[PDB]
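Following: one structure in structure tokens, then a few remarks.
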Amino acid sequence: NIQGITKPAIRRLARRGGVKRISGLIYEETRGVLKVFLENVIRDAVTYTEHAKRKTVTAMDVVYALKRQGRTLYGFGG
Amino acid sequence: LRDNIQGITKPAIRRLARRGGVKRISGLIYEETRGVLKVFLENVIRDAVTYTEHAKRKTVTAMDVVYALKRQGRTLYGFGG
Amino acid sequence: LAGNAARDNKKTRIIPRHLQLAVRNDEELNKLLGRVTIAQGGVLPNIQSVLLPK
Amino acid sequence: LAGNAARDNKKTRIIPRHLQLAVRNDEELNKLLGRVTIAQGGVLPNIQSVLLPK
Amino acid sequence: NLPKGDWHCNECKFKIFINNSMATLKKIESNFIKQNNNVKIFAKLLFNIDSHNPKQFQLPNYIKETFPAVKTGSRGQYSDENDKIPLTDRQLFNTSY
Amino acid sequence: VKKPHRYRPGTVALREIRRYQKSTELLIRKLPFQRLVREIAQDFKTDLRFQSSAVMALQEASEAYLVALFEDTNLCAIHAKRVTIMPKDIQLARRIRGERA
Amino acid sequence: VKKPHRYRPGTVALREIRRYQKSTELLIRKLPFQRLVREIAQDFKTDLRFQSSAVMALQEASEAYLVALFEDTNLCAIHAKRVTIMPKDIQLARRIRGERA
DNA sequence: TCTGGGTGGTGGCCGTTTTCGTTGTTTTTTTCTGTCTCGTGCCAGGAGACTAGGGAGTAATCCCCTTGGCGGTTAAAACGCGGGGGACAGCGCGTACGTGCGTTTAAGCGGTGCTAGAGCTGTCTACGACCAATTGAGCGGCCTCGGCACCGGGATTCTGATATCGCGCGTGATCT
DNA sequence: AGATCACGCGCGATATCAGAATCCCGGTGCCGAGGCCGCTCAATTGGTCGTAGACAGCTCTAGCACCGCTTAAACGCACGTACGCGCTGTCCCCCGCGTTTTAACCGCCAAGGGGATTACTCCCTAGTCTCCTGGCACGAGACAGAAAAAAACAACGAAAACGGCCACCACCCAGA
């Protein structure tokens, strides 16, 4: 499932980041980093949804979770 | 007050680097560090003086500096707050 | 700034890309929205010099 | 942890150095106070491996 | 009363007069020596003046050293033991009342 | 005789950099990322539902974070006199950012 | 016919690293830093007074920030297979941190 | 007249310029579709007018502490000399990404169904703000003392070189 | 010529001769901490009233799920080239140690600006009732922009030509 973050997708993300040449092992490292980031954000979002006594994670929960970590996100009813 | 940035002598920057775990320091590092320190102090004292002016005080109190640092994301313990 | 960017793109309606361009190109706005990510904004076209062909 | 650090130094009193050691040597506490400066705290003694003699 | 326009130093004039290649410089300097046979003993000394910019005269160190007392100054102010050590700005401009 | 038009290595990389810095669409396929988000969440709470906008916000934040991380990684690699990003570059970028201990 | 006891270059540097990571006293001299603080503040409001505690707080914050910056700088210098920190290292550290644009 | 050195011309090799075809991308005109913008209607939040109370403006007093200055001590900063180790430029290898073509997988889109839970509404109760009384926990201050900072003397690494001793490699001599 | 033994040279390890810096052990004076005392302000006890939140019922929106096609994208494989990495050599920049100078630091004295507090008073803000019109939701319509197909053009990579540098041959000048 984490492997659903394919090698070409990480290549595209690196390219959008201005990366010209990518090492072979960068893909597994990037998968790990993305997993850590998603773990933090989703943990905070689920905390927010639990505190609201909801079984559905709303975009507002994600926005608040991101705002908590200093990654304010615009465009989802912030 | 003129040319006080040079008061941050070369040995003082050497000591700061050593506390940072630096073994060998390039000659050009001292001027760059002085510039960085000037930028940091400008950013902090600006907010400190803003707080002082809002309180209608002529004296910059340690709590103004603490508030400024906390605002910048560098919370400082040991001076109140 | 966003309408300026939209004109440069020959578009009469501001989309998130134009907002991102306006914010990031401007130094002061970019500093204000330093820790902000604009959805569907992308990034400024920027390639490091050493990566360009000789 | 601060008292443990003070004991390690054969000191009855906790000083800011001991608080800094306690906070920084503990993963969770150091993460809680990641963006905090402790006056007179100092730093954790560590030297990068490559800088040591062979 | 400047000549104005563009002025070249002796070195650049020689650079453009020689083209920096060695064979043409040889064809020029050997000819100079040949035409100066009367003073061939001084030939190359005469030759090398043209390629040198003007230089202020100063005694080479092998003559000043003969007298330990003497010593050059900041810009050539040729000093002796009789000249007082200059005072610093700290000793004059900062001394209090 | 015959010869393919193979571009010199590093040229299509530049073309892709230009193409992907000029666009804004998300670079990770929606469905795999949604499945990943659901799997990560199921650790924290069972039988969770996600608003489509919630997953979209997660994807936008994740992609922006990864792009910024790759920018810093590229800067780190160039600092090392290299052109390729390697895992140590990501590790240094994260360590300096303050993310990784 | 004897030679003095010169430590090999890099030995006294390591001794100093140990000494200054062991201690906590401020490394910048107090009066020069106070004069610098007042001079910088003179550009935001004239005839300002500073509590001694205020100057001490500024000095502690600045020294801590510089020490952290030098740690990051040393990390970048080592990343480039160097042992000496150079201004490019400080610039990269600041750029990755997000301080410098 | 012969040999050597230098200049001039011709030929060969290398570098640069151009010169060309090929993909990839940009531009341009046509189509068409769905979201932006405008209008309509209702309602609920803002406005208006008015009263009450106290937060804050303002003056006066005072007592801290911030500034200034001055002298003595000496710790630290500076400047210089010297050397070596580190930066870095270069070279060579090797292999590991990149580019491209083919095959495979599953993302994506459109469509329909089901129901779970998020939202809204009504009702009710009990929890918290508010108020008054009061007394006790917390704070300022003073005193006593002992934990720790200072200084001196001593033990202990320990870092760097040289040299001695041991081990290994090379050269010479002797034996087979 | 090969093997063994002895001597000489080179490299590694230990010791050591030292001497340098650090840590440790002891005595000492200190001032910073812990503690006791007194006063008072803020927290606790008791009571009220009102609205905020808990709870049940209902609605229907959105999430989930499923299916089936099509087709963009991932996966896989191969050739090779160019980038990473190791090794090496050179140069000088930076570390180290030492006089020499500077000014930081301490401490002590004198002055007063301004922080901090107190008391008075009023003007500003909360609160409330009545009024209404601005902002929101819903509906609609149409044009800005997505898409798309085709042409134009604008970046990527091979052989010929021109120019520059090197080598060889011929001619001229100089020397023998």
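Every chain in the structure tokens takes a letter, A first, then B, and so on in the order presented; its residues are numbered from 1, and the ligands are numbered from 1 following the presented order.
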Moved chain G, fitted on chain F by every C-alpha in sequence order, as a compact mmCIF listing (two decimals) with N, CA, C and O atoms, in the first residue's frame:
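Generated file (out.txt):
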# COMPACT_ATOMS: atom_id res chain seq x y z
N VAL G 1 21.77 1.32 -39.24
CA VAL G 1 22.09 2.26 -40.35
C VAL G 1 21.23 3.52 -40.26
O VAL G 1 20.88 4.11 -41.28
N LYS G 2 20.91 3.93 -39.03
CA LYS G 2 20.19 4.95 -38.86
C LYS G 2 20.18 5.46 -37.63
O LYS G 2 20.20 6.63 -37.49
N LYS G 3 20.17 4.61 -36.61
CA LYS G 3 20.18 5.05 -35.21
C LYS G 3 18.92 5.84 -34.88
O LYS G 3 18.54 6.75 -35.62
N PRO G 4 18.27 5.52 -33.76
CA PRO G 4 17.12 6.32 -33.34
C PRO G 4 17.57 7.62 -32.70
O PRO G 4 18.76 7.83 -32.49
N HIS G 5 16.62 8.51 -32.39
CA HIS G 5 16.96 9.80 -31.80
C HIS G 5 16.89 9.71 -30.28
O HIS G 5 15.89 10.04 -29.64
N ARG G 6 17.99 9.24 -29.70
CA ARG G 6 18.10 9.19 -28.25
C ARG G 6 18.60 10.54 -27.73
O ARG G 6 19.66 11.01 -28.14
N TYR G 7 17.82 11.15 -26.85
CA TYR G 7 18.27 12.37 -26.19
C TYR G 7 19.38 12.04 -25.21
O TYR G 7 19.35 10.99 -24.55
N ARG G 8 20.35 12.92 -25.10
CA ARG G 8 21.45 12.69 -24.18
C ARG G 8 20.91 12.65 -22.76
O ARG G 8 20.01 13.42 -22.41
N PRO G 9 21.41 11.75 -21.91
CA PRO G 9 20.90 11.70 -20.53
C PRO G 9 20.97 13.04 -19.84
O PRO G 9 21.99 13.73 -19.90
N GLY G 10 19.88 13.43 -19.18
CA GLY G 10 19.77 14.73 -18.56
C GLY G 10 18.93 15.72 -19.34
O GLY G 10 18.53 16.74 -18.78
N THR G 11 18.66 15.45 -20.62
CA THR G 11 17.81 16.34 -21.40
C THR G 11 16.34 16.16 -21.05
O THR G 11 15.65 17.12 -20.71
N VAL G 12 15.85 14.92 -21.14
CA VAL G 12 14.45 14.67 -20.82
C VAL G 12 14.19 14.97 -19.35
O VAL G 12 13.07 15.35 -18.98
N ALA G 13 15.19 14.81 -18.49
CA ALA G 13 15.02 15.18 -17.10
C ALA G 13 14.75 16.67 -16.96
O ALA G 13 13.86 17.08 -16.21
N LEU G 14 15.49 17.50 -17.69
CA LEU G 14 15.25 18.94 -17.65
C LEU G 14 13.89 19.29 -18.25
O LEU G 14 13.18 20.15 -17.73
N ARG G 15 13.52 18.63 -19.35
CA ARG G 15 12.20 18.87 -19.92
C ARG G 15 11.11 18.55 -18.92
O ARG G 15 10.13 19.29 -18.79
N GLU G 16 11.26 17.44 -18.19
CA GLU G 16 10.29 17.08 -17.17
C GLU G 16 10.27 18.08 -16.03
O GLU G 16 9.21 18.40 -15.49
N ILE G 17 11.45 18.58 -15.63
CA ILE G 17 11.49 19.60 -14.59
C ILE G 17 10.67 20.81 -15.01
O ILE G 17 9.85 21.32 -14.25
N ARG G 18 10.90 21.28 -16.23
CA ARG G 18 10.14 22.43 -16.72
C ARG G 18 8.65 22.13 -16.75
O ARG G 18 7.83 22.93 -16.29
N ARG G 19 8.28 20.95 -17.27
CA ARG G 19 6.87 20.62 -17.40
C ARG G 19 6.19 20.59 -16.04
O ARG G 19 5.07 21.10 -15.89
N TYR G 20 6.83 19.99 -15.04
CA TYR G 20 6.17 19.79 -13.75
C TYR G 20 6.29 21.00 -12.84
O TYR G 20 5.51 21.10 -11.88
N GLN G 21 7.22 21.91 -13.09
CA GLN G 21 7.18 23.19 -12.41
C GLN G 21 6.21 24.15 -13.06
O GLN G 21 5.75 25.10 -12.41
N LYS G 22 5.88 23.94 -14.34
CA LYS G 22 4.89 24.78 -15.00
C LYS G 22 3.47 24.44 -14.57
O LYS G 22 2.61 25.33 -14.52
N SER G 23 3.19 23.17 -14.26
CA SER G 23 1.84 22.71 -14.00
C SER G 23 1.55 22.71 -12.50
O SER G 23 2.39 23.06 -11.67
N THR G 24 0.32 22.30 -12.16
CA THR G 24 -0.14 22.29 -10.79
C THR G 24 -0.88 21.02 -10.39
O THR G 24 -1.10 20.80 -9.19
N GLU G 25 -1.27 20.18 -11.34
CA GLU G 25 -2.05 19.00 -11.01
C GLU G 25 -1.24 18.08 -10.10
O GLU G 25 -0.01 18.06 -10.13
N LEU G 26 -1.96 17.32 -9.28
CA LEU G 26 -1.31 16.41 -8.34
C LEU G 26 -0.55 15.32 -9.09
O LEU G 26 -1.02 14.80 -10.10
N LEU G 27 0.63 14.98 -8.57
CA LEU G 27 1.52 14.04 -9.23
C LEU G 27 1.36 12.61 -8.73
O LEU G 27 1.64 11.67 -9.47
N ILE G 28 0.93 12.43 -7.49
CA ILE G 28 0.66 11.10 -6.97
C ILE G 28 -0.72 10.66 -7.45
O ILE G 28 -1.66 11.46 -7.49
N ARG G 29 -0.84 9.39 -7.82
CA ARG G 29 -2.13 8.88 -8.26
C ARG G 29 -3.09 8.87 -7.08
O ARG G 29 -2.71 8.60 -5.94
N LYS G 30 -4.36 9.17 -7.36
CA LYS G 30 -5.30 9.48 -6.29
C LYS G 30 -5.70 8.23 -5.51
O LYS G 30 -5.71 8.24 -4.27
N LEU G 31 -6.05 7.15 -6.20
CA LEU G 31 -6.51 5.95 -5.51
C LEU G 31 -5.43 5.34 -4.63
O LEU G 31 -5.72 4.99 -3.48
N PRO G 32 -4.19 5.14 -5.10
CA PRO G 32 -3.16 4.61 -4.21
C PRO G 32 -2.94 5.47 -2.98
O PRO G 32 -2.76 4.93 -1.88
N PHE G 33 -2.97 6.79 -3.13
CA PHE G 33 -2.78 7.65 -1.97
C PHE G 33 -3.95 7.55 -1.01
O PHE G 33 -3.77 7.59 0.21
N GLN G 34 -5.17 7.45 -1.54
CA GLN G 34 -6.33 7.28 -0.67
C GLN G 34 -6.23 5.98 0.11
O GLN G 34 -6.51 5.95 1.32
N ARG G 35 -5.82 4.91 -0.55
CA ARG G 35 -5.66 3.63 0.14
C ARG G 35 -4.59 3.74 1.22
O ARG G 35 -4.76 3.21 2.32
N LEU G 36 -3.49 4.42 0.92
CA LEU G 36 -2.45 4.61 1.92
C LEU G 36 -2.97 5.41 3.11
O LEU G 36 -2.66 5.09 4.26
N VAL G 37 -3.74 6.46 2.85
CA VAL G 37 -4.26 7.29 3.93
C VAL G 37 -5.16 6.46 4.83
O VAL G 37 -5.06 6.51 6.06
N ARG G 38 -6.07 5.68 4.23
CA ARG G 38 -6.94 4.83 5.03
C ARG G 38 -6.16 3.79 5.81
O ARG G 38 -6.48 3.55 6.98
N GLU G 39 -5.15 3.18 5.21
CA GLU G 39 -4.36 2.19 5.93
C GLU G 39 -3.64 2.82 7.11
O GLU G 39 -3.60 2.23 8.20
N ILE G 40 -3.07 4.01 6.93
CA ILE G 40 -2.39 4.66 8.04
C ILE G 40 -3.38 5.03 9.13
O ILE G 40 -3.10 4.87 10.33
N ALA G 41 -4.55 5.53 8.75
CA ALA G 41 -5.57 5.89 9.73
C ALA G 41 -6.12 4.68 10.47
O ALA G 41 -6.60 4.83 11.59
N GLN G 42 -6.07 3.50 9.86
CA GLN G 42 -6.58 2.29 10.51
C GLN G 42 -5.86 1.98 11.81
O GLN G 42 -6.40 1.21 12.62
N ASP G 43 -4.68 2.54 12.04
CA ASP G 43 -3.91 2.28 13.25
C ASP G 43 -4.24 3.25 14.37
O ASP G 43 -3.65 3.14 15.45
N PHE G 44 -5.14 4.20 14.15
CA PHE G 44 -5.56 5.14 15.17
C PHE G 44 -7.02 5.02 15.54
O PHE G 44 -7.39 5.36 16.66
N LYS G 45 -7.86 4.55 14.63
CA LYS G 45 -9.27 4.32 14.92
C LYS G 45 -9.85 3.50 13.78
O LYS G 45 -9.60 3.79 12.61
N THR G 46 -10.62 2.48 14.13
CA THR G 46 -11.18 1.57 13.15
C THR G 46 -12.52 2.08 12.65
O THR G 46 -13.20 2.86 13.32
N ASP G 47 -12.90 1.62 11.46
CA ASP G 47 -14.17 1.98 10.85
C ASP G 47 -14.30 3.49 10.71
O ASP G 47 -15.32 4.09 11.06
N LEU G 48 -13.24 4.11 10.19
CA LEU G 48 -13.22 5.54 9.94
C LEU G 48 -13.69 5.82 8.52
O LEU G 48 -13.40 5.06 7.59
N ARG G 49 -14.42 6.92 8.35
CA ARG G 49 -14.81 7.42 7.04
C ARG G 49 -14.02 8.68 6.75
O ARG G 49 -13.64 9.42 7.67
N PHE G 50 -13.78 8.93 5.47
CA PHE G 50 -13.01 10.09 5.04
C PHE G 50 -13.82 10.88 4.03
O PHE G 50 -14.26 10.32 3.02
N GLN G 51 -14.00 12.17 4.28
CA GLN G 51 -14.53 13.04 3.25
C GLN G 51 -13.55 13.11 2.09
O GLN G 51 -12.35 13.26 2.29
N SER G 52 -14.07 13.01 0.87
CA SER G 52 -13.20 13.13 -0.30
C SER G 52 -12.35 14.38 -0.20
O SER G 52 -11.16 14.37 -0.56
N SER G 53 -12.93 15.47 0.29
CA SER G 53 -12.16 16.69 0.52
C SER G 53 -11.04 16.46 1.51
O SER G 53 -9.96 17.05 1.38
N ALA G 54 -11.25 15.61 2.52
CA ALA G 54 -10.20 15.34 3.49
C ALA G 54 -9.02 14.64 2.84
O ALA G 54 -7.86 15.00 3.07
N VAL G 55 -9.30 13.63 2.01
CA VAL G 55 -8.22 12.93 1.33
C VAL G 55 -7.50 13.87 0.37
O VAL G 55 -6.28 13.84 0.24
N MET G 56 -8.26 14.72 -0.33
CA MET G 56 -7.62 15.67 -1.24
C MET G 56 -6.73 16.64 -0.48
O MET G 56 -5.63 16.97 -0.93
N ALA G 57 -7.19 17.12 0.68
CA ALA G 57 -6.37 18.01 1.48
C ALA G 57 -5.10 17.32 1.94
O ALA G 57 -4.01 17.90 1.90
N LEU G 58 -5.22 16.07 2.37
CA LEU G 58 -4.03 15.32 2.77
C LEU G 58 -3.07 15.17 1.61
O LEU G 58 -1.86 15.32 1.77
N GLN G 59 -3.59 14.87 0.42
CA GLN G 59 -2.73 14.69 -0.74
C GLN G 59 -2.02 15.99 -1.10
O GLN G 59 -0.82 15.98 -1.40
N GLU G 60 -2.74 17.11 -1.10
CA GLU G 60 -2.10 18.39 -1.39
C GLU G 60 -1.02 18.71 -0.38
O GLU G 60 0.09 19.11 -0.75
N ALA G 61 -1.31 18.53 0.91
CA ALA G 61 -0.31 18.82 1.93
C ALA G 61 0.91 17.93 1.76
O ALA G 61 2.05 18.41 1.83
N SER G 62 0.69 16.64 1.54
CA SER G 62 1.81 15.71 1.41
C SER G 62 2.65 16.03 0.18
O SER G 62 3.88 16.02 0.25
N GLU G 63 2.00 16.31 -0.95
CA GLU G 63 2.75 16.61 -2.16
C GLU G 63 3.54 17.91 -2.01
O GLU G 63 4.69 17.98 -2.43
N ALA G 64 2.94 18.94 -1.41
CA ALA G 64 3.68 20.17 -1.19
C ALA G 64 4.87 19.94 -0.28
O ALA G 64 5.97 20.44 -0.54
N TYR G 65 4.67 19.17 0.79
CA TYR G 65 5.77 18.89 1.70
C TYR G 65 6.88 18.13 1.01
O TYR G 65 8.06 18.43 1.19
N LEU G 66 6.52 17.14 0.19
CA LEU G 66 7.54 16.35 -0.51
C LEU G 66 8.28 17.20 -1.53
O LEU G 66 9.48 17.03 -1.71
N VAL G 67 7.57 18.09 -2.23
CA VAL G 67 8.24 18.95 -3.20
C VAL G 67 9.22 19.88 -2.51
O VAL G 67 10.35 20.08 -2.98
N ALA G 68 8.81 20.47 -1.39
CA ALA G 68 9.74 21.32 -0.65
C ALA G 68 10.93 20.52 -0.14
O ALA G 68 12.08 20.99 -0.17
N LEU G 69 10.67 19.30 0.34
CA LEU G 69 11.76 18.45 0.81
C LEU G 69 12.72 18.12 -0.32
O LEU G 69 13.93 18.08 -0.11
N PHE G 70 12.20 17.87 -1.52
CA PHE G 70 13.07 17.57 -2.64
C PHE G 70 13.85 18.79 -3.08
O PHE G 70 14.98 18.66 -3.54
N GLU G 71 13.27 19.98 -2.96
CA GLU G 71 14.04 21.19 -3.23
C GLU G 71 15.22 21.30 -2.27
O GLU G 71 16.36 21.54 -2.69
N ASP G 72 14.97 21.12 -0.98
CA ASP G 72 16.06 21.16 -0.01
C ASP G 72 17.07 20.05 -0.28
O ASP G 72 18.29 20.25 -0.17
N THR G 73 16.59 18.86 -0.64
CA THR G 73 17.46 17.74 -0.94
C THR G 73 18.36 18.05 -2.13
O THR G 73 19.55 17.74 -2.11
N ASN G 74 17.80 18.64 -3.18
CA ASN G 74 18.60 19.02 -4.33
C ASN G 74 19.64 20.06 -3.93
O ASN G 74 20.77 20.03 -4.42
N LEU G 75 19.26 20.99 -3.05
CA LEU G 75 20.23 21.97 -2.58
C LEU G 75 21.40 21.30 -1.87
O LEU G 75 22.56 21.65 -2.09
N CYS G 76 21.11 20.32 -1.01
CA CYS G 76 22.20 19.62 -0.33
C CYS G 76 23.04 18.81 -1.31
O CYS G 76 24.27 18.77 -1.20
N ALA G 77 22.39 18.14 -2.26
CA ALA G 77 23.14 17.35 -3.23
C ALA G 77 24.09 18.23 -4.03
O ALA G 77 25.23 17.85 -4.29
N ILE G 78 23.62 19.41 -4.44
CA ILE G 78 24.49 20.35 -5.14
C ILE G 78 25.59 20.85 -4.21
O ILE G 78 26.72 21.11 -4.65
N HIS G 79 25.27 21.02 -2.93
CA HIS G 79 26.28 21.47 -1.98
C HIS G 79 27.44 20.49 -1.90
O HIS G 79 28.59 20.90 -1.68
N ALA G 80 27.18 19.20 -2.06
CA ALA G 80 28.21 18.18 -2.04
C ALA G 80 28.88 18.00 -3.38
O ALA G 80 29.55 16.98 -3.60
N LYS G 81 28.73 18.95 -4.30
CA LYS G 81 29.33 18.87 -5.63
C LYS G 81 28.78 17.69 -6.41
O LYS G 81 29.47 17.13 -7.27
N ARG G 82 27.54 17.30 -6.13
CA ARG G 82 26.86 16.23 -6.84
C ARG G 82 25.71 16.81 -7.65
O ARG G 82 25.35 17.98 -7.52
N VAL G 83 25.13 15.96 -8.49
CA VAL G 83 23.97 16.33 -9.29
C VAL G 83 22.84 15.38 -8.95
O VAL G 83 21.66 15.70 -9.12
N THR G 84 23.19 14.20 -8.44
CA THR G 84 22.21 13.19 -8.05
C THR G 84 21.89 13.35 -6.57
O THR G 84 22.80 13.46 -5.74
N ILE G 85 20.60 13.36 -6.25
CA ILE G 85 20.17 13.33 -4.86
C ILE G 85 20.26 11.90 -4.34
O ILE G 85 19.92 10.95 -5.05
N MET G 86 20.73 11.75 -3.12
CA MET G 86 20.91 10.46 -2.48
C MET G 86 20.25 10.50 -1.12
O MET G 86 20.00 11.57 -0.57
N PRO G 87 19.95 9.33 -0.54
CA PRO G 87 19.25 9.33 0.75
C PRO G 87 19.94 10.15 1.81
O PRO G 87 19.27 10.75 2.66
N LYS G 88 21.28 10.21 1.80
CA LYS G 88 21.97 11.06 2.76
C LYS G 88 21.57 12.52 2.59
O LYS G 88 21.52 13.26 3.57
N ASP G 89 21.27 12.94 1.36
CA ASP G 89 20.82 14.31 1.14
C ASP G 89 19.48 14.56 1.82
O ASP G 89 19.29 15.59 2.48
N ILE G 90 18.53 13.64 1.66
CA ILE G 90 17.24 13.79 2.33
C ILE G 90 17.43 13.81 3.83
O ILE G 90 16.79 14.59 4.55
N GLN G 91 18.29 12.93 4.34
CA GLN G 91 18.52 12.89 5.78
C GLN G 91 19.09 14.20 6.28
O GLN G 91 18.67 14.70 7.33
N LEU G 92 20.05 14.78 5.56
CA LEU G 92 20.60 16.06 5.99
C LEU G 92 19.55 17.15 5.93
O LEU G 92 19.48 18.00 6.83
N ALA G 93 18.75 17.18 4.87
CA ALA G 93 17.71 18.19 4.78
C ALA G 93 16.76 18.10 5.96
O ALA G 93 16.45 19.11 6.60
N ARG G 94 16.32 16.89 6.29
CA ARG G 94 15.40 16.72 7.41
C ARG G 94 16.07 17.08 8.73
O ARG G 94 15.44 17.69 9.60
N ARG G 95 17.34 16.70 8.89
CA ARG G 95 18.03 17.00 10.14
C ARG G 95 18.18 18.50 10.34
O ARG G 95 17.99 19.00 11.46
N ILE G 96 18.53 19.23 9.29
CA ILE G 96 18.68 20.68 9.42
C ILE G 96 17.32 21.33 9.63
O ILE G 96 17.19 22.26 10.44
N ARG G 97 16.30 20.87 8.92
CA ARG G 97 14.97 21.43 9.10
C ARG G 97 14.51 21.32 10.54
O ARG G 97 13.73 22.15 11.01
N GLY G 98 14.98 20.30 11.26
CA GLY G 98 14.50 20.02 12.60
C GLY G 98 13.48 18.92 12.68
O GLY G 98 12.98 18.64 13.78
N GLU G 99 13.14 18.28 11.56
CA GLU G 99 12.17 17.19 11.59
C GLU G 99 12.77 15.94 12.21
O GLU G 99 12.29 15.44 13.24
N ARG G 100 13.83 15.41 11.60
CA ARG G 100 14.51 14.25 12.14
C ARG G 100 15.44 14.67 13.28
O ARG G 100 16.08 15.71 13.22
N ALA G 101 15.49 13.84 14.32
CA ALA G 101 16.33 14.13 15.47
C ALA G 101 17.79 14.21 15.06
O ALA G 101 18.58 14.93 15.67
Could you please tell me, as an MDAnalysis selection string, which residues of chain D have an atom within 12 Å of chain I when using only C-alpha atoms (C1' of nucleotides)?
-> chainID D and resid 12:14
Extract the full set of strand (DSSP E or B) residues from chain B according to DSSP on the backbone, and format it as a list in words.
-> residues 24, 25, 59, 60, 75, 76 and 77 of chain B
What lies within 7 Å of region 24-29 of chain A using only C-alpha atoms (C1' of nucleotides), ignoring chain neighbours under 2 positions off, as a PyMOL selection string?
-> (chain A and resi 7+10+22+31-33) or (chain F and resi 86-87)
Which residues, written as an mmCIF file with C-alpha atoms, in the first residue's frame, have at least one atom at most 12 Å from residue 68 (chain E), with only C-alpha atoms (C1' of nucleotides) counted and residues fewer than 5 positions away on the same chain left out?
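Generated output (out_6.cif):
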data_model
loop_
_atom_site.group_PDB
_atom_site.id
_atom_site.type_symbol
_atom_site.label_atom_id
_atom_site.label_comp_id
_atom_site.auth_asym_id
_atom_site.auth_seq_id
_atom_site.Cartn_x
_atom_site.Cartn_y
_atom_site.Cartn_z
ATOM 1 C CA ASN E 61 68.761 46.482 0.340
ATOM 2 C CA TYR E 62 72.388 45.397 -0.089
ATOM 3 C CA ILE E 63 73.566 48.983 0.506
ATOM 4 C CA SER E 79 64.518 57.455 8.550
ATOM 5 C CA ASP E 80 67.426 57.106 10.965
ATOM 6 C CA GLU E 81 67.912 56.370 14.655
#
